[PDB]
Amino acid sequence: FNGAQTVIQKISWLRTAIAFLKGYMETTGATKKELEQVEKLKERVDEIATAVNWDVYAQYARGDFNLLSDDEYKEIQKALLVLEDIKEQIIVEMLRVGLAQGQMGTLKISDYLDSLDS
């Protein structure tokens, strides 16, 4: 797998998803608790994001080859996992706040978010 691209795409999706939620909340006037929960999620993203910055440089440094150590690979995989839990909590938050009411889950929102990243 391409380690750096993978983590970057996941962080970018999650940041764009937070921007989306923030905007929906401003336009609809969400509860104080709702804006707190979103803020808590953004902080969880910034924390995990820094844990992987090493790979953004590391990958470039070793001739753009994806030749990582066992320990490095595992830490990237564990970060990828935390990021996927964040995605889950984002979608759950979207649904809880009234986003995607008359929509088949968050399918359209998700497709729109994916479009912004590629």
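Sequential numbering from 1, following the sequence displayed.
Looking at 60-68 and 79-87 together, the entry lists the larger mean B-factor for 60-68, computed on C-alpha atoms. Look at the mean CA B-factor for 93-101 and for 12-20 in the entry; the higher one is 93-101.
When all modelled residues of the chain are sorted by CA temperature factor, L35 is found within the highest third. Ranked against the other modelled residues of its chain, the C-alpha B-factor of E26 as given in the entry falls in the highest third.
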